[PDB]
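S.K.: Chains as they are written, first to last, in this note's numbering: chain R, 1 to 98; chain C, 1001 to 1064; chain S, 2001 to 2131; chain F, 3001 to 3171; chain Y, 4001 to 4446; chain A, 5001 to 5069; chain U, 6001 to 6115; chain H, 7001 to 7058; chain L, 8001 to 8304.
Idealized CB from N, CA, C, for every residue including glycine.
Structure incoming, see below.
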Amino acid sequence: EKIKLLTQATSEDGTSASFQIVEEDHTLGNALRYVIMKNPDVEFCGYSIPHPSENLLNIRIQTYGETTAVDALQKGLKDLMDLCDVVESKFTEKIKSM
Amino acid sequence: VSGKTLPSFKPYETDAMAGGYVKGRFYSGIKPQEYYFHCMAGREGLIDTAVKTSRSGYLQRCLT
Amino acid sequence: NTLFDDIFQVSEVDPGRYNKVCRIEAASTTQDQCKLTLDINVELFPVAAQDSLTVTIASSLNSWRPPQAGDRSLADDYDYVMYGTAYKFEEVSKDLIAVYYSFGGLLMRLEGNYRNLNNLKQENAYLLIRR
Amino acid sequence: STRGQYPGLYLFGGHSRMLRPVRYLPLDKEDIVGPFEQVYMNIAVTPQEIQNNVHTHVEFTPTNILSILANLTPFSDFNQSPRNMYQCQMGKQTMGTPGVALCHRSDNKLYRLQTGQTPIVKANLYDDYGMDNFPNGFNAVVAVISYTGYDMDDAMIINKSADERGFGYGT
Amino acid sequence: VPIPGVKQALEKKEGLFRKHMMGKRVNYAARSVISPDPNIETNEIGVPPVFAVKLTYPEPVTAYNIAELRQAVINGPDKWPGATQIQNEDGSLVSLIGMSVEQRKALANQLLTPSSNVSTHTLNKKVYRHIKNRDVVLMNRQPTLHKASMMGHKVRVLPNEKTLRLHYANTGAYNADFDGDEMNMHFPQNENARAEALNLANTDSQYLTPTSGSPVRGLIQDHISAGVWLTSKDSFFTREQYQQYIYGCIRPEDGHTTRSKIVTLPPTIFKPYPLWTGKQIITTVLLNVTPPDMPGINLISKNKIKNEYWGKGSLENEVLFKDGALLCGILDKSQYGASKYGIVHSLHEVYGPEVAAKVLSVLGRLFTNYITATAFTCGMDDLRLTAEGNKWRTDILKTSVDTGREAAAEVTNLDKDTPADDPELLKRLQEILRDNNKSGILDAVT
Amino acid sequence: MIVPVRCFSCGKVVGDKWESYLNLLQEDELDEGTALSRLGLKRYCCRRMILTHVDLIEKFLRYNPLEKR
Amino acid sequence: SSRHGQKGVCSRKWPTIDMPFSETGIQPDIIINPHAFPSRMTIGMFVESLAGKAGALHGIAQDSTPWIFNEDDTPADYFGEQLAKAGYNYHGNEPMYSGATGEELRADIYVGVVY
Amino acid sequence: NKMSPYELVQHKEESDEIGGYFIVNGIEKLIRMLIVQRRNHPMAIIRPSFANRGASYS
Amino acid sequence: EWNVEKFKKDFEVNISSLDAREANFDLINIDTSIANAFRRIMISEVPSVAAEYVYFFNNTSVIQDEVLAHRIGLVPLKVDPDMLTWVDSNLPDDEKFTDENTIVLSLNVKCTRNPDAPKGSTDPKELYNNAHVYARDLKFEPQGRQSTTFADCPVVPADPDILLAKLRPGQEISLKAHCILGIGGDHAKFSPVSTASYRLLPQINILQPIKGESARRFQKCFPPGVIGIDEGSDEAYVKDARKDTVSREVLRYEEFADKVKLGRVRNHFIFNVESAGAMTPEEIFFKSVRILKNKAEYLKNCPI
RNA sequence: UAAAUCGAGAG
Ligand SMILES: [Zn+2]
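Here it is as C-alpha cells:
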C-alpha cells in the first residue's frame, strides 16, 4: 500500500490513471513528473498534494494510447533511477581527480 | 485658551502645519508636531470605533 | 487552407510596461486600406520599427499534440505561429471591415476592405508571421 | 485677553504637581515647567526651529514627550498612530522575562521566555532602563513575501526547523 | 444591595427570559481560535483531532450501517474514527471509555442483535460515533450581526493542531480575521438538523447576502494579486508548467472535474516553441469545472485597473469571456470576490451555486500554487519616488506656505496679503477662536 | 537564557562560539563584526545568534538555594 | 507580534525544505504577508528590517529613536548604503528560490531581521 | 531601602528591584495614581448640572 | 527525444572546493527539479545520529530538565550513521533499544566551590570547580558488542566546546542520553547538513561597450573579481560571474541602466553544502543521490 | 458544584 491506483479516475482503456503515494512531497513528485513528461507517449502528467499536513501525493498520467499509464510510471521511475545513477557516477569520477 | 495649537506654535499662527496639516509621509517620517496631531486623529478614530459598536446593537434588538 | 495573405511595414513598437510582449502597428504596402495592430511576445519573435513582415491568416496547417519527427505543417514556411479566435467584427465605414482576433489574450485588430477580408469568419484561426 | 482665561500671576510650589524638564534658552540651562505654566509660553521642539523673540525654551529631546513603551518602538514616526498604540498595548502582553529571582517567588502564574535577545534596532533609551536585564523577544529573519498561502488576513508562518531549534520556546 | 426577589430573577438581562430561555448553553459544541487553510473546499471546516475525538453523533445501527459502526466500536473512544458510547434498546448507556479491545470486539459483534424484549422490538441500538468527514457543523462567530455569520460547513478532520481551519472565502461573511479570533462549532444531533445545515444554512446557499443581493464570498488578498499577475499578457507557460498548474487544482479523483479526463487547450504560440497563456489557464480551469452538455459562459465586464496602467492601446480593463474562454482583460477583485456582475457571480447565476463554490475552491488552489512558484513581495523600493517626483512634490508643497494666512484673511475679511502679525488680523483671529461657530467656518475654509 | 546550541535559521552550531566571542572582544580590542567574522559566522542569520545574545543565565545563577551565602 | 503592532497567529510550521531559500543559503524563520502593510502603513517595520539586516551584517547596532532622521537623509538611504557597502542590494531585497518547485522567484524578495 | 544591587541579590530580591508596591496575602498590589482637580486654585466652571441643583440656579 | 544517454553526455560536475565540513561544487545541464530534489533530500532525508531520549536522575541546576534535554538533543555526535540500525516504535520500551541501534551517553557533573580561589577574583573558573558543563563532558558508555566495533572511533560530539549548562556549588546534573538513528524531516536535530543550497550562475551580459572611465564605475558595481578592464583597450568584460551576488547595484545608475542585462544560467547550479560534523559533505551528497535512486526503486518494485 | 462585586484581558 505504498502506491495505490485511484479507481475513481482510472479509465477502462488504461491510458488515463491517478496514483496516490504515501510519504511523498515535492521531492519525488517533481522529479518523477519531469522525467515522465520527457516521455513522447505521455500526453498529460501532473502531481498534486491534497493537503500539506498529510503525507499523500497524487500523480495524474494520461497517454496518447499504445501505452498504459502504469507503463509510463514504470518508465519514469527507471529513467529517474538512471539519472541519479549518472549523476552519482560523474560525482565519483570527479572526486578522484580533485 | 492662549490661542496656541501646541506649545511650539506662536499664538494664532496662520500656518497649515499649526492647524494640523501634515506634509510628511510615512516613507520619510513625520515631525513631532505632526506626530502629535496624527496621534490625536488616531485616538479619535479608536474612540469612534469603540463607541460605534455599542451604539448599534439596541436598534437591531428592537427591530428583531 | 489560407484565408488571408499580405506584407506589412511596421511603423511603431511600443513595449507598454511589458517585458515580453509588444504591440505592433503595421500598414500594408499593397493596399492602403489594410492596417493591423497585433500583440506578439518579442522575447521569441523580436521585431523593430521599419520592418517588413509577411502575415498570413489560415484555417488550418496542412486536437493538438507536440510535434514528432517528420511532421508536415503550414507552419514550416513561417517563423512565428499563433493560434486564436475571432470575436468581433465592425464596419469603420462603407467598404471597410475590422476584424478582432484574440490569441490567448493577445489582441489583433485587422482593418481592410471587405472584399479582401471576406474570407475571414468568426472561427479559430492561425496567424503566421515571416521575416 | 479678550474674554479668555482670568488673568493674573500664580505661583505654585505644593505637592503632586506635574513637572517636566525643558531647556531655558537664556542661560542655556534646565528649567522645570508645569501644565498650567506651559499653555502660555512657546517651547521650540528642536533648536533648529527656534524663532527670534517668540521662543524662550527648547526641549532637550522631542522623545521625552513619549512614555517608556512609546519610546521603545523602533522608527515610531514612520508607522500609523493606531499601530503605535497597538504596540504599546501589546508590549505589555508578551511572553518575556519577568525576573531572575523566580526561584524565591510564589506567584500564581508566570510566563517565561527561555532565550531572549537584545534587539539590533533599538532606541538609546533602551539601555538607560536596563531592558537587557529583561529580554522580551528574539531577532528573526523575516521575509515579507506572499509565498505560502496560509498567511493572508493577519496570520504568519513560522519555520518548522527554527521552531525545533528553540525559536520562541517558553515556559 | 438587598436580596433579589422573584421579580428580580426574571426582569432584565441576566434574568430568566433573556438568559435561560431565549439564549441557552448547549451540548456538543466546541469553541476555538481559527486559522486559515487553503486546500479546504470553501464549504468545509477543518476540525482538530481533539474535537474529532470528543464530539459525537448518535447513529442508530441498521442493516446498511454495521460495516462502519462495528469498526467504530472496535476503534474505541481514542482512535478517530471511533465510538464513545452504545445505547441499547432499553436505554442502557454502555460507555466504551474504560474497556479493552477484546471487550470492544465482543460488544461490536453484538450491535445488530435483534432485541429479546417485546416492548423495544421496534427499536435498534445507537452508536455515539465520532464526528466524520460526512458530518455537517454549524459555525458561528460573535457578534452575529446578520444570518450569514452562522453557516453550515462540511466537516473535514485534520491530523495536527488544535485550531478550526477555515477557508479564506468564509472570512467575508464572518468578518473574521486570523488575529486570534475564535468562533463556535455546533454539532446537530439529528437528521432534521443535518438536512437544514446541508441545504438551508448551507454555506453554498449563502453566496448572495439578503441585504441587497450583493455577493459576500470570494478570494481576498493574495489570490487577487496572484490573478492580476497570472492573467497579464506577460504570462507565458510551457507545456509542463501549464499542465502542472491545471492539475494542481482540478484533481479528477475528488470530483473536481466533470469529464473524468483533464482536457487541455492548444497552445497560444505554436512556433518557435509551444507556449500557453494565463488567460488560457483560466479558460481550461473553467472548461474542466463547467459541466458538459452546456455552452460556455459569455460575459462582458470590467476590472479595477485602468487601461492607462498597461501602456498605450491596451484593452485589458475590459474583461471578455466568450463561449467559456477568457479572451481579454484581467481577473481582479471585481471578477472573483464579493463583487457584483463578475465571472463568479455570472457562473453562480448560470450554472448554480454548487458550481460557483467549486470554481471558488479551484481558483483558490490555482492561485495558491501560482504564488508558491511565483512569489509576491512588497519592499522599500515600492515606496520611493523618482528625483523628479520628489522635486514636483517639494515645489507644490512650497506653495502651501501662504495657504493658512490666505484662508484666515478670507475669514477675517481682511483684503489680502495681510501680514500674519497684523494686529487687526490677530484681534479678529482671537475673536474667531472664542466662538465655536466662527472657528467652525475657519477650520472648514482652511 | 544560555547560548543556543544551533542557529535557528540554518542550524549551524554556534554554542561553542560564545566564550570564544567574549574572549575575542575582551583581550583583543576588536569590534563585534570582526570578531564574528573570525569565528566563522558569515551569514547574518548566524551572526545575530552571538551578536545579540544576552546570556541571562549568569543573573539566574547568583540565586542558589543549595549553598549558604 | 513585532514592535509595530503586526500581531498574528501561527498558521502552519512550514517544513524548512518547503520554505523559500536565498542566494546566501538562509531561509526565513518568519513569513509575514505583504498584504498587511498597505492598509496598516507600518513602514517602520520595513525600515527596521533594513536596519536589522544592515546591523547583523556589519555586526553593529543602529539606534531607532524617532526624529533622528530628516526628509533629507531618509533612513532608507542610510541603511541602503550600509547594505551596499556589505554586498547586498540597496533596497534590502534578496534573490530567493521556491523550496517546492526549486526555480527562482519572479522578483527579488524583501527579507531582513526584525525583533 | 538603601540596599545596593549586590545586597539586593544577596537577599533574593533582584539585581535592580524597584519598589512602589505592597505585598498583601502574597499578592503584589499598588495604589494607582489618580487625576484630580488642581489644588488651591479657583477655576471658573460652566456646568449644566448646577442648574439641576434646584430652581433659580445658573 | 530526450534520453538518459543525452543527459549523460551533457551533464558535468565542476568541483570548486572540497573540505571536511564544506563542499562547493557545480552541476551543469541538469533540471532544477532534480537539483531541488537533491537539495531537499540532503536537508531532510539523509539520516544522522542525535540524542533522542534523555533519562534524568538529578538536575539541581538553574536550567529546567526539558531545556537541558533539548540542548543535549541539539548537539551533533560524530558517529557514522552506517554503524547502527533503526529502532522500532512498535517495540516496547524495554527491548526497543539494543547495542546495534542506540548509543548511550552519560553526564555526571557535580559543582563544588574551589577553596583555593584567588582573593578578589570574579572569574567563574578560579571560583568554582566544574562551573561550566560542556558537550565534551558527555561520556560514551559502550554496552555489548559495540564495545568492540566502536573501539576504533569512539563517540564524541563534533563540536566539544558547546556550552550545555553552567553550575554553582551544590548543584549537579546526572543523566543518560539514548541516541538513535533519525532523519531531518522528523526533527531538525537529525539534519546532517549545516546548510545545503544551490544558486543559479549569475550572467552579466554587456549589451553595449562600456569603454572608458565608466568601465571603472561599472567595475565598481560588482564584487572585485567579476568585472575586469581589458588590458589592451579600456573596456569591461566578465572575468568571473561566480564571484558576484545578484545585487543589481548597476541597475541603480542611469549611466549603465541601458547597457547591461542580469540573468541566470538556469541549468547551472552552484551547490554549497556545509556539514554538521558526523559526515563529510561529499558523502552527504552521495547519500542524497543514493536516497533518490532507492526511493524511485522502491516505488518501482511495489505492486500497484 | 454555587453567587455577586472588583480588577485584568481577547475578538
Ligand atoms: Zn545561521
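1. Pick out every residue whose C-beta is nearer than 5 Å to a heavy atom of ligand 3: which are they, in chain order?
2. Under 8 Å: do the stretch 4231-4240 of chain Y and the stretch 4311-4331 of chain Y share three or more Cβ pairs, one atom per stretch?
3. Between the C-alpha atoms of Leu6050 (chain U) and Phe6079 (chain U), what's the straight-line distance to the nearest angstrom?
4. If you check the beta carbons only, do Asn5064 (chain A) and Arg8113 (chain L) fall under 7 Å apart?
5. Identify, in the order they occur along the chain, each residue of the same chain with its Cβ nearer than 6 Å to the Cβ of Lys2035 (chain S), setting aside the five sequence neighbours on each side.
6. Among all the DSSP beta bridges, which residues are the ones paired with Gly6112 (chain U)?
7. Per DSSP, which residues does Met1040 (chain C) bridge with? Please list them.
8. Would you mind listing the alpha helix (DSSP H) stretches within the stretch 2099-2130 of chain S that are 4+ residues and don't spill past its ends, in chain order?
9. Quick one, are the C-beta atoms of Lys1023 (chain C) and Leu4397 (chain Y) less than 7 Å apart?
10. Return the bridge partner residues of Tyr2083 (chain S) from the DSSP annotation.
11. At a Cβ cut of 8 Å, what residues of the stretch 41-69 of chain R count as close to chain U, listed as they run along the chain?
12. So with Cβ pairs under 7 Å, would you call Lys4398 (chain Y) a contact of chain R?
13. Terminal residues of the continuous beta strand (DSSP E) containing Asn8108 (chain L)?
14. How many whole angstroms separate the CB atoms of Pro8092 (chain L) and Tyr8134 (chain L), which I take to be in contact at a CB cut-off of 8 Å?
15. By a C-beta neighbour count over all protein chains shown, 10 Å radius and 16 as the cutoff for buried, is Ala4201 (chain Y) buried or exposed?
16. Can you tell me which of A:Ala5035, A:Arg5062, A:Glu5067 puts its alpha carbon nearest to the alpha carbon of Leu6057 (chain U)?
17. Is the beta carbon of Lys5059 (chain A) sitting closer than 7 Å to the one on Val3100 (chain F)?
18. Helix, strand or coil: how does DSSP classify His8070 (chain L) here?
19. With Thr2085 (chain S) and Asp2005 (chain S) assumed to form a contact (beta carbons below 8 Å), what rounded beta-carbon distance in angstroms separates them?
20. Would you decide whether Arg2072 (chain S) is buried or exposed? Buried here means 16 or more other CB atoms lie within 10 Å of its CB.
21. Could you list which residues in chain L have their beta carbon closer than 7 Å to that of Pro6095 (chain U), in chain order?
22. Between the stretch 6020-6040 of chain U and the stretch 8192-8210 of chain L, do at least 3 Cβ pairs fall closer than 8 Å?
23. Using beta carbons (cut-off 7 Å, strictly below), is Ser3016 (chain F) in contact with chain U?
24. Tell me, please, whether the CB atom of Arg7032 (chain H) is closer than 7 Å to any CB atom in chain F?
25. Return the residues of the stretch 3108-3134 of chain F that lie within a Cβ-Cβ distance of less than 8 Å from chain C, sorted by chain order.
26. Can you check which of these residues, R:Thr68, R:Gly65, R:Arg60, is closest to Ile49 (chain R) by C-alpha distance?
27. Examine chain U for any beta-carbon lying closer than 7 Å to the beta-carbon of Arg8021 (chain L), and answer yes or no.
28. With which residues is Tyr8053 (chain L) paired in a DSSP beta bridge?
29. Indicate whether at least one CB of chain C lies closer than 7 Å to the CB of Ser3081 (chain F).
30. I'd like to know if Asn3064 (chain F) contacts chain C, where contact means its C-beta is closer than 7 Å to some C-beta of that chain.
31. If the cut is a Cβ gap below 7 Å, which residues of chain S does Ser4314 (chain Y) touch?
32. Spatial neighbours of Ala8257 (chain L) within its chain, please: C-beta separation below 7 Å, excluding the five flanking residues on both sides.
33. Quick one: measure Cβ to Cβ for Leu4299 (chain Y) and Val4285 (chain Y), integer angstroms, because I've assumed they're closer than 8 Å.
34. Within this structure, are the beta carbons of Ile4131 (chain Y) and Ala4052 (chain Y) separated by less than 7 Å?
35. Mind checking if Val5014 (chain A) is an interface residue toward chain F, Cβ cutoff 7 Å exclusive?
36. Nearest chain L C-beta to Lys96 (chain R) closer than 7 Å, yes or no?
M.R.: On the basis of the supplied data:
1. This structure simply doesn't include ligand 3; it includes ligand 1 instead.
2. In short, these stretches touch, since the Cβ pair count reaches three.
3. In this model, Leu6050 (chain U) and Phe6079 (chain U) are separated by some 6 Å (Cα to Cα).
4. Against a cut-off of 7 Å, the Cβ pair of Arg8113 (chain L) and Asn5064 (chain A) comes out as no contact.
5. Excluding five sequence positions before and after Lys2035 (chain S), the CB atoms of its chain that fall closer than 6 Å to its own CB belong to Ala2027, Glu2111, given in chain order.
6. Residue pairing from DSSP places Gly6112 (chain U) in a beta bridge opposite F:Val3142.
7. Note: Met1040 (chain C) sits in no beta bridge, so no partner.
8. Taking only runs of at least 4 residues, no alpha helix (DSSP H) segment lies wholly in the stretch 2099-2130 of chain S.
9. Yes, these two residues count as a Cβ contact at 7 Å.
10. Paired residues: S:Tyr2126.
11. Cβ contacts with chain U come from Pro52, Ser53.
12. At a cut-off of 7 Å, the C-beta of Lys4398 (chain Y) has no neighbouring C-beta in chain R.
13. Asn8108 (chain L) -> beta strand (DSSP E) spans 8103-8110.
14. Not confirmed; about 35 Å, so no contact.
15. Per the 10 Å Cβ criterion, buried.
16. Comparing Cα positions, the closest option is A:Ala5035.
17. Remark: C-beta atoms of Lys5059 (chain A) and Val3100 (chain F) approach each other more closely than 7 Å.
18. The answer is helix: DSSP assigns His8070 (chain L) an H, G or I state.
19. Actually they are not in contact, since the Cβ atoms of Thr2085 (chain S) and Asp2005 (chain S) sit about 20 Å apart, beyond 8 Å.
20. Only exposed fits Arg2072 (chain S), as fewer than 16 other CB atoms lie within 10 angstroms of its CB.
21. Residues of chain L whose Cβ lies closer than 7 Å to the Cβ of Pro6095 (chain U) are, in chain order, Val8246.
22. Yes: at least three Cβ pairs fall under 8 Å.
23. No, no contact with chain U.
24. By this cut-off, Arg7032 (chain H) is not an interface position.
25. Of all residues in the stretch 3108-3134 of chain F, none has a C-beta nearer than 8 Å to a C-beta of chain C.
26. Minimum Cα-Cα distance from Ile49 (chain R) among the listed residues R:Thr68, R:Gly65, R:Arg60 corresponds to R:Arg60.
27. It does not; no Cβ of chain U falls within 7 Å.
28. Per DSSP, L:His8178.
29. With 7 Å as the cut-off, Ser3081 (chain F) counts as an interface residue toward chain C.
30. Chain C, which has no Cβ nearer than 7 Å to the Cβ of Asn3064 (chain F), makes this no.
31. From the beta-carbon of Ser4314 (chain Y), the residues of chain S found nearer than 7 Å are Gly2016.
32. Same-chain partners within the cutoff: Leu8251.
33. 15 Å between Cβ atoms; not a contact.
34. Judged by beta-carbon spacing, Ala4052 (chain Y) lies within the 7 Å limit of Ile4131 (chain Y), meaning their Cβ atoms are closer than that value.
35. So no, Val5014 (chain A) is outside the interface.
36. False, the Cβ-Cβ gap to chain L never drops below 7 Å.
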